[PDB]
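Two forms, one protein chain; structure tokens for each follow separately as structure 1 and structure 2.
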Structure 1
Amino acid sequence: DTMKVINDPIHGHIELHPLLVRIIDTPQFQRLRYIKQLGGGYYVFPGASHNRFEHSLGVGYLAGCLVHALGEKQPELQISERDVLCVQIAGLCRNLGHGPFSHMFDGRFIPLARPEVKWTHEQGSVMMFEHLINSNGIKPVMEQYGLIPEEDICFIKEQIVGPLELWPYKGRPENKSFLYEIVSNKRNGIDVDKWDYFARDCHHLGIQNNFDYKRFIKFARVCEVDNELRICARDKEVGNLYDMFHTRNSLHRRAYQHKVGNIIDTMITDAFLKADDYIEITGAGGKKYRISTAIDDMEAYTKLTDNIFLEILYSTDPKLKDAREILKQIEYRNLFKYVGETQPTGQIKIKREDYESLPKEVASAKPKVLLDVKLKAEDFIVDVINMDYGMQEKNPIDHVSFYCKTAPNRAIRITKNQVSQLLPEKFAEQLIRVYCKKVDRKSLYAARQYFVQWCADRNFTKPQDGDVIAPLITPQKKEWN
């Protein structure tokens, strides 16, 4: 039990403390080797074969880099070795809750399979961390290295998920407030998890990263802001922080929300829903779970990975035939068809709780055109995509604190108009894409008429080639024509 060195292509040679090695070398952590970072994105970007495992190593490494740098520049913060280890463990473990195909699972699958439950990957990360610690005897090893599990497990979970129910945290007191801004920053979103995925996703996607996290670390300092110690950036780095959120948005546009990647995620989700009654995942006491109920037992969840796709694709049971046929269509590239895209107008925003009603609304639109085929609710997919700077409608840079070179302990704010008139005026928008599971030319022509009528009925923006693919619908709506 000494240090291991691991060679990562993004970060080079990284050192792992032996307690971190003990955490990594568990079924709960090694599971992340079998979950793709970008899910169905790999079916569009063939370099994007990378998994949550290596990303987790990277996050843990960067968490260590930031906390060490702060402690070397500011010994008055009294950052301890124990603090450093706890921060590295939180960084390492904050992806433990991801399910098959990452965001597909918590973003698409669980909301449709278990609409009553409130599941997030962050909650999953805490539950899975706890399962990891308790199933592998990690607490006595934490003690052996000078951690106090009672306080430190709490601190680690709070770094992942936020306050577990006034300084609201219990794992550390207010004089270590800044430690909660490293792994998952709920104040403004500037955290080490982003820094890893920007570099790693870019390396794999074939799109080049333009944010420099190392520079950010060299300029970061802790200062008192409204009687709390916070991580501040140097004033003249404000431009680079606007660019960082721009880079995130650009990665969503180019890659994460690619229209074919999203439809592949939708098709996989559909196959899972059709397979859900038949796939068995064994959990504690030999109880059997399904894909949708594995989240209720961490022993079952440990065994729920991207493997489910192949278990379905390779099955021979006739009960799995419909699920298997969807995955086969993905292989033949016979995809659900893109019908069109629109945006709401203004601050107008469709909420998650209305998502399920949308296919029905589209199917109930009454286009005044002669239609051969009639389509049903279940023939449409309606994908609602939120493109924002991580804080809904808010500018995250308004929630960053800065210091200037002449008074490095004094925190200040910088407004948008102090920076540049070329920056966005809004920080959120929503795209709505519609697709049809019926792929013949008749169906697809009809689907477009339903779609364009629905856009008119909802006062959404005119679809870009609306005059060509629905010439009899677009003239009713005079802001469009």
Structure 2
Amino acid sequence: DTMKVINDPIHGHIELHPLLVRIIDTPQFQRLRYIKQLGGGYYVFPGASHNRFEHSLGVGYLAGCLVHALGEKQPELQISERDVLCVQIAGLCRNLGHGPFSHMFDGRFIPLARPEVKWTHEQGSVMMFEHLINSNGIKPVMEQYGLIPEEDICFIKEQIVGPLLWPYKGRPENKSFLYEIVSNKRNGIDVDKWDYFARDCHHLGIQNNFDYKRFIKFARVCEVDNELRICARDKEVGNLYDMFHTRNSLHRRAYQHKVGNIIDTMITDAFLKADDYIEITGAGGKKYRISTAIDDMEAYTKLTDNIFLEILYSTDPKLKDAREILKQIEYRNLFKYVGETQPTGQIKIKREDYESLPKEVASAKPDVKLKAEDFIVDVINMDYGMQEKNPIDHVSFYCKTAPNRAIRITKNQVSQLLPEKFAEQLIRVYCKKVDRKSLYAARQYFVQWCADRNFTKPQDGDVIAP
């Protein structure tokens, strides 16, 4: 067997090695056809119909482009076809762990439904990957193409989730750079972002300001602190700052859209009210809940955006409350956006504090009185992907005149117009009562609360609260 070719609108005609095809053609992978990339975003941006599946193809492709580019430019690195395939597999599979409506699931639902657990989609991707390989007889196929499953499966997992002194077992320090491609734990510059920037922009109605292809052409491996790392050409540092600007633009405009988020929130609410009643059969016929399906991959395999429609179309009276919420989404009786503010302090509102926030807004004393249950307060952390840190400080560069010498480039060396801060918090407030009287009041509470807390004046404060 040789290559399948797939026409992707973002990347064009992509060639896939038969081993990759084998992996793709499984229930575990094809599942991703039923999970929207942007979850509730589709309910705001009608072009955002794309699912995780096509995004995963893009990531595997780009991973392969980068590893190949490096091997061609730098034969001395001894990159093998085995390495290439392992990297591509990791790129293809890093999204395997996503649940219904993507980041809604691990960002909102699981934290509320299982506050005791620490779960991320990455962990899910690793478990789902195991289940995919084991269930479908992929290990012998891997061997048939020269992979060594013990080492390589560990390598692939490590590329997705990080380690399970050099903390990695799958490859040695002299292949360290291979771990920088798919999910770059040092600085977040990886092929996953490059695909989603291009793909989301295409579907969204926007065009990305950073070119992934250019970055691949200027990438080189250099020694950095006794590690072989991928470095970028010095010239490119402005582009990297642009990259994270784009990322942040995309968060502002789409991923954290005020209405997209409230729809994600309403879905989450509905999943919570349904969690006790929906049964998902896992291994050996054992029954799981939406919140526990993450403990068994056979059950998880069946957990997709379909759960939304299962609730919407149900007749069971136990689900009436969950069903009503989803019905309100369809009529567009959503909760109403009241305003946004930020903390002025460097200390951030912590996850445990979130719950108390509606009570606080209702407490504020500026026709109708409003209760805490009437308000929704959404805390959004916006940053450059590494909390307070500047990821560019964690990038190595090289100059044209000395390609092998890795260097750091500080923010002040690039521009004084860059951010002084790399992380912030936005508080959005919504009201569940939608009549004009309730809204006007909600506005008053909000502005008063912002003044009480010493938060930033909402942009429309003069108008909504004179």
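Structure 1 provides the reference sequence; residues are numbered from 1 along it. In this text, the rigid core denotes the largest set of C-alpha atoms whose superposition between the two forms falls within 1.5 Å.
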Checklist entry - Are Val141 and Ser80 in one rigid part when the chain is described as two parts moving between structure 1 and structure 2? => result yes
Item to check | Whole-degree rotation of one rigid part against the other between structure 1 and structure 2 | outcome: 13
Checklist entry - In Å, how large is the C-alpha displacement of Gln464 between structure 1 and structure 2 after the rigid core is aligned? => result 3.4
Next on the checklist: Superpose the two forms on the rigid core and tell me the Cα shift of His50 between structure 1 and structure 2 in angstrom.
Outcome noted: 0.3
Next on the checklist: Core-aligned, what does the C-alpha of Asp440 shift between structure 1 and structure 2, expressed in angstrom?
Outcome noted: 4.2
